[PDB]
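Each chain, written out:
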Amino acid sequence: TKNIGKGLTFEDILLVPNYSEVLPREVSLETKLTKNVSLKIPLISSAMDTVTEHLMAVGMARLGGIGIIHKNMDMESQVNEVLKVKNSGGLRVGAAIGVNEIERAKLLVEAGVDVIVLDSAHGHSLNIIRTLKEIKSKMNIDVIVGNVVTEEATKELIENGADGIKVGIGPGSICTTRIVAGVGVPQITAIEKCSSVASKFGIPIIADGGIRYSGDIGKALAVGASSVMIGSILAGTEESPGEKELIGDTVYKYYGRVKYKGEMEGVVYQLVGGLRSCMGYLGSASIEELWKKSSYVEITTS
Amino acid sequence: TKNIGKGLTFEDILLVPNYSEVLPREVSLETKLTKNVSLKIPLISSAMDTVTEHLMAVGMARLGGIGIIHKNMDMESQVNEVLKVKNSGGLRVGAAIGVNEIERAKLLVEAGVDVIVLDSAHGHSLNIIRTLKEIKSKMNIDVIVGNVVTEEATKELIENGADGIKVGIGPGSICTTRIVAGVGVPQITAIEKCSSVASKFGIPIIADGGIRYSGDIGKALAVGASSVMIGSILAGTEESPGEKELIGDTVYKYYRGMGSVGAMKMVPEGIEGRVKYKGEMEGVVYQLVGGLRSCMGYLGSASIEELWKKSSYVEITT
Amino acid sequence: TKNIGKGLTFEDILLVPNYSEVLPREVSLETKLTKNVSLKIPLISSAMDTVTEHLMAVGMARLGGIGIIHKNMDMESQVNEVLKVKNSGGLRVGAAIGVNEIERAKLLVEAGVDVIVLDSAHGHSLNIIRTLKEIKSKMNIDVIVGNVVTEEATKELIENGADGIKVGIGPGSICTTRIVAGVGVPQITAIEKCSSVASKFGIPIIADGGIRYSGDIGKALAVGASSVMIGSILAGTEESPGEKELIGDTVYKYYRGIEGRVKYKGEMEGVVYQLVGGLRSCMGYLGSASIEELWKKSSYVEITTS
Amino acid sequence: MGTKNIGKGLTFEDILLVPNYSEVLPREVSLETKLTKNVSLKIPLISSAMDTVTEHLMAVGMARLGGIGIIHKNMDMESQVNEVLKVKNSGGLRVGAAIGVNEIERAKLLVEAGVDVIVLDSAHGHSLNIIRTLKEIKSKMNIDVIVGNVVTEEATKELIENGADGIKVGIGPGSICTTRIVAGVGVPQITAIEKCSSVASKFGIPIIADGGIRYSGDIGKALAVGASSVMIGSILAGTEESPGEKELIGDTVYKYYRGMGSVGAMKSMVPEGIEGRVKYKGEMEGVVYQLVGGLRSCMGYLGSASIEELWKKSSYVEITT
Ligand SMILES: O=C(Cn1c(-c2nccs2)nc2ccccc21)Nc1ccc(Br)cc1
Ligand SMILES: O=C(Cn1c(-c2nccs2)nc2ccccc21)Nc1ccc(Br)cc1
Ligand SMILES: O=c1[nH]cnc2c1ncn2[C@@H]1O[C@H](COP(=O)(O)O)[C@@H](O)[C@H]1O
Ligand SMILES: O=c1[nH]cnc2c1ncn2[C@@H]1O[C@H](COP(=O)(O)O)[C@@H](O)[C@H]1O
Ligand SMILES: O=c1[nH]cnc2c1ncn2[C@@H]1O[C@H](COP(=O)(O)O)[C@@H](O)[C@H]1O
Ligand SMILES: O=c1[nH]cnc2c1ncn2[C@@H]1O[C@H](COP(=O)(O)O)[C@@H](O)[C@H]1O
């Protein structure tokens, strides 16, 4: 049968409470971004022109996470954005590249970047793998490759030198892939499939897209991810790369338009709190402890 | 797999009628709150600062149920509220306590409380059990423990001296636990799993949160619960705490979760808002009780014990 | 657990087309209302304060169906309503009674009523069964008994003398039993359950409530029912009880303890024509020349929420 | 729990295509497909046989882009012939024509006009009248015959045996369709294509997925699951090449769109179609390129260089609403 089964998304499930000995404040949110880079919190700001530039990356790094500077600009600009983050405190920083963009990656590495995010709409392709091999042979850096949803995809990327795999075809807030192409796999299932491969190799999984609430972070992690990438939640915050605008009562941020969210610190604080509480309910002091102990129930939309 | 099954809530379910010889009026609503405390009607008012204080507890007790005084006040104030209910006839009351609140527990027991509700967002925890053991070893008192959703939780609480188990993580109009933490089990499935353990030991199940209509009470009880704890339905009534406010045409009263920003003044796990004034709570409780009697008429059950014996339900689509 | 399965409503299913030799215009719609009262179309108007009196029962009867006069009136008044129909061309007519209403039934049978409809919210009662038995012992008439949703309930009523079984607890457009009592069985599942008993004894099933479109009639009949009782579909019509009024260039009349207002639906014939037409089309798709063929040939697919 | 329940029916919105390893860019994808046993197309798109989507201008544009148009039968015989001939005058272009039950005179004239496919169109294709018409045509005329509409294995098997060169699937879908409401009849489209393809692929008879296409993604879903081509009406209604009149209401330009079994369409049985205005979609060529791009993107995700590759490699997941 062509039907491989029932795909489950964030809103379809709820995590089941376990016996607990840990207070939410006692929980350790420390995780691995790649096999050689680690973070204090499992949050990553998306590589979109509407979410992560130098300001956003500085904020994320100071709060224990990491920003990925988007590639939608010239090489010199992206290297500059990376330098600005490194200048103010010597923080953790990442940057995205497309296919065949070897020189871009090279200059980003020399700028001091900690991770290169090899992004594409369909990560399980020839050209993505060729770029991966080419990067690994020409420069010394940890590479995150995406996006994928299947077992074979995850296996082939790890074998070709991937230091982390990014999961997500479909869930993005500004979606078109599900409608234009009719292609995708729901996030919970997508993480589950990819985790069964990656954890045998000890390779971290980044859950990318579809996060609406702090609860979704807990589900994505509990299901097998090591970190979570967020876009829309951070889009519209003061630190996002836009300018403020006024329409009636409400303040907006143009580039494209989304509602102003205020300081990012308040937004990140709530996400962290929600995750701490989640891991409290499930009696897990660490994310690795969460993987071993977590379970969920299917829920009707209602 | 991590998928343990499909969870069902109140709205996903409909009770199947049985052969009936009992009119709604003939129905006995007698039930057990704890191992040693009994109720005339299986209704409890939630331990919340917008639902239950002394007026609510008197109203509940006179109608055959029980009010449980919230813990969002000082010990001296909570004792006084218990003493004010005991001031008018032989009325039964409960009182809520948090983790490691042994002094509050001692004072309420000595204030002549009938039950103590050891209340937690996550009832299956080390802190709860140790607080349970303390009170059970040192005080003569029935203790309801919550909140839980698993069979492992209920068994462990019962073995450590729980006289009643309160079930509910996720349901409740003001609850946002499942949004902010992604945690919960739908209420019917929750009761079902917990009831399978609790009935073996003869320990009553309190179904807490998620009741929107009188038909939900019947569903909770039919599936294995002994009583139902309600908050939102009694929130707007005259007997609930907080003053009344008229905005426009209709009068409003404030309803607030305990894990809400206002109530805490920990990540917020409850919403806050105004709800319409609902008149006297006895008019409200009458409707709920009537619906339960009607429900048990359909299933042909003269008692809740009988209800448990001949209950069945169907799943429904959206 | 206590989960007896998944309950399907009209909106949950679609009928699968079969090989067809019959055009919609050629199919027969003749059915049995009771054990020994038959209709030319499988439509019945609800016994409600707001849908069926003498005018409605006449219109229904002249179209091949039948009207059940509601009980919410004097025995004298209800007998008179039956009288106005019978003398309007020997038309078939039914009348509703409640529990213990033996005398009302007696006078209605004398008035020459064709069917008595023993109405209860819960037909599987001691009081319903003894009312049925007391009617049969004292008078000679076909009795439809309802409402029920289970196979055990259907059997007991048939054993006690029920000539028709009315099915429907929960699905009625104006019903709140699902909300007040939390009780019910979705209409398709309910008809399926009761048919597995009643078809063996040759006792017709009346599908009652939930019919919102003509396509629902087909589903109800296809799944085992002999006829459908329809309420809100016929509520705003000219022939229904109530007066016309204008509220902002729109004509209205009431539908039901107050229970909201409905728009004027015009002449009842046009409404019935569409319903009958839709059912003919359905039976074309399923290649069924008769309702008996429909039962033998029917299959349906479950449909997702979207 | 049955007993007349045969399973859960899946529609376009119920499933998602699972990506595979890809070596193919969207630009390098072959969209060439089989229309009937003997006729083939360069893009797998057909314009519906409706009096509000396809006449000569629509058919010309469709063929000019690698697809085909089916001239609707809601006109007299000589009018339909003239439409077929008007397509023939603007280059050696392929064109189809719709036909109703027992309309043999119509079929002979349409074949004379140089029609490439006869579409024996019916609401219920699995009937005794349709099979009789199929047998009469295939014995009396040299022409490829697409027969619809059907949803079952038995239906498609019987039509193939009686000389159907193509099977058209779809009872239930269609933006303007109310068969589900009026009759309570239908099968969700994914399930319908699956059931019919399982038979038709054994005989190499192309399946036409008819109705229910709202987005370019649906085309991929229909093809991936077993269809050879996709018939569309809704998304072509209101284009510059559609036979309707252009009309300004407020700030937006509108054109009319109606089902063939609607009240207005039957004027010039009970209605099984709704009618309404649709926003002017502009040039048709532009609308098709978006569909083709999304289709290419889809096959790029599944790493399929041709539709034959797509059938062999495609798989999907069920999703909740
Ligand atoms: O305690 C809380 C939140 N919370 C609540 C509730 N939240 C849900 C239901 S009642 N009521 C409160 C009153 C005062 C301050 C916080 C409060 N969350 C939490 C506790 C342990 C664990 Br493990 C995980 C999470
Ligand atoms: O023929 C019709 C209605 N109808 C339709 C369609 N309705 C649905 C899909 S195409 N297109 C028409 C064009 C002209 C006049 C009526 C038309 N229904 C029907 C026919 C046989 C059988 Br068995 C069952 C039902
Ligand atoms: O336009 C798009 N097309 C496809 N994927 C996108 C697009 N925009 C954002 N995404 C993905 O969605 C993620 C952000 O998801 P969000 O947090 O739901 O907004 C990004 O990291 C991208 O991987
Ligand atoms: O703020 C909170 N967050 C989550 N649950 C709460 C909160 N406050 C009260 N509850 C629970 O929700 C129940 C009330 O539910 P309701 O009657 O359906 O509105 C109470 O009995 C509490 O157990
Ligand atoms: O007040 C009510 N409660 C429950 N059922 C009702 C009530 N009123 C009418 N009904 C039933 O519902 C049917 C009408 O449903 P409708 O066709 O969906 O409008 C009638 O035939 C009655 O048997
Ligand atoms: O009036 C009708 N009732 C039901 N289906 C129709 C009617 N008219 C056209 N159709 C079908 O609907 C298809 C168009 O589907 P659409 O592109 O989704 O709007 C056509 O190819 C016809 O097969």
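Sequence positions in this view are assigned from 1 along each chain in the order the sequence is written. Entry numbering can differ, and residues without coordinates are absent from the display. Lettering for chains starts from A, numbering for ligands starts from 1, and both go in the order in which the items are written. With hydrogens and water set aside, each side-chain value is computed from the structure's full complement of heavy atoms. Residues with missing side-chain atoms are left out of burial classes, side-chain pairs and their counts.

Draft legend 1. Structural view of the UniProt feature "binding site: NAD(+)" (unreviewed entry) in chain D. UniProt positions are given in the numbering used here, feature names are shortened, and annotations may be inferred rather than shown by experiment. Taking the UniProt record as the reference, the feature "binding site: NAD(+)" (unreviewed entry) is found at D:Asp121, D:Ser122, D:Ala123, D:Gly170, D:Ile171 and D:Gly172. With respect to the helices and strands, D:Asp121 occurs in the loop between β8 (117–120) and α4 (128–140). Contact criterion: two residues are considered in contact whenever any of their non-hydrogen atoms come within 4.5 Å of each other. Every residue in contact with D:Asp121, bar those within four places of it in the chain, is listed here: D:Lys73, D:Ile99, D:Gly100, D:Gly148, D:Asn149 and D:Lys168. Numbered from the N terminus, helices here are DSSP runs of H or I no shorter than four residues, and strands are runs of E no shorter than two. Tracing the sequence through the fold places D:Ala123 in the loop between β8 and α4. Excluding residues that lie within four positions of it along the chain, D:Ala123 makes contacts with C:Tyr285, D:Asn149 and D:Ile171.

Draft legend 2. Quick look at the sheet that holds strand β14 (residues 250–256) of chain B. All names here are of chain B. Strands are treated as partners if at least two bridges between them are detected by DSSP. As summarised here, the arrangement of the three strands in space is β13-β14-β15, forming an open sheet in which the pairing is antiparallel. Of all strands in the sheet, those with a lone pairing partner are β13 (245–247) and β15 (272–276), marking the two edges. Averaged over all pairs of adjacent strands, the angle between strand axes in this sheet comes to 45°, irrespective of strand direction. Across five bridges, β14 lies against β15 in antiparallel orientation. Across the sheet, residue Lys-253 finds its bridge partner in β15, namely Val-275. Here, axes are lines fitted to C-alpha atoms. For helices the fit covers the stretch in contact, and angles between N-to-C directions go from 0 to 180 degrees.

Draft legend 3. Broad picture of the interface of chain A and chain B. Listed per partner, the contact involves 35 residues of chain A and 33 residues of chain B. Elements supplying a minimum of two residues to the side of chain A that touches chain B: β2 (13–15), α8 (214–223), α9 (264–281), α10 (287–293) and β16 (296–299) of chain A. With seven residues, α9(A) is the single largest residue contributor to the side of chain A that touches chain B. When the residues that make up the side of chain A that touches chain B are grouped by side-chain class, the tally is 18 nonpolar, 14 polar and three charged. Polar here means any residue other than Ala, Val, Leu, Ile, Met, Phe, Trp, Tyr, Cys and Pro, which are nonpolar, and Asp, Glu, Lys and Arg, which are charged; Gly is therefore polar.

Draft legend 4. Looking closely at the side chain of A:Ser295. Along the chain, A:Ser295 falls in the loop between α10 and β16. Under the relative-accessibility criterion, A:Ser295 is labelled buried at 14%. For A:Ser295, the residues in contact, after removing those within four places along its chain, are A:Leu14, A:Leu15, A:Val16, A:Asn18, B:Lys2 and B:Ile4. Partly exposed describes any residue whose relative accessible area lies between the buried limit of under 20% and the exposed limit of over 50%, with all areas from a 1.4 Å probe on protein chains only and scaled to the type maximum.

Draft legend 5. Summary view of the site of ligand 6. Residues and elements named next belong to chain D. One heavy atom within 4 Å of a molecule or strand is enough for the residue carrying it to be called near that molecule or strand. Ligand 6 sits among 21 residues. The nearest are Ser-175, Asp-210, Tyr-257, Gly-261 and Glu-272. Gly-233 places a main-chain nitrogen or oxygen 2.8 Å from an oxygen atom of ligand 6. What sets the accessible areas is the Shrake-Rupley method with a 1.4 Å probe; for residues, cover comes only from the shown protein chains. Out of a free accessible area of 510 Å², ligand 6 has 88% covered by protein chains. Within the shell around ligand 6, the residues separate by chemical class into seven nonpolar, 12 polar and two charged. In protein, a polar contact requires one atom able to donate a hydrogen and another able to accept it; more generally it is a pair of N or O atoms within 3.5 Å, and residues adjacent in sequence count only if both atoms are side-chain atoms.

Draft legend 6. Spatial organisation of the interface of chain D and chain C. Each partner contributes to the interface: chain D provides 35 residues, whereas chain C provides 37 residues. Contributions of two or more residues to the side of chain D that touches chain C are made by β1 (5–9), α4 and α6 (179–182) of chain D. With five residues, β1(D) is the single largest residue contributor to the side of chain D that touches chain C. Here the residues of the side of chain D that touches chain C sort into 14 nonpolar, 14 polar and seven charged. In terms of strand pairing, strand β16 (residues 300–303) of chain C meets β1(D) through three bridges, oriented parallel. Paired with C:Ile303 across the two strands is D:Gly9, which belongs to β1(D).

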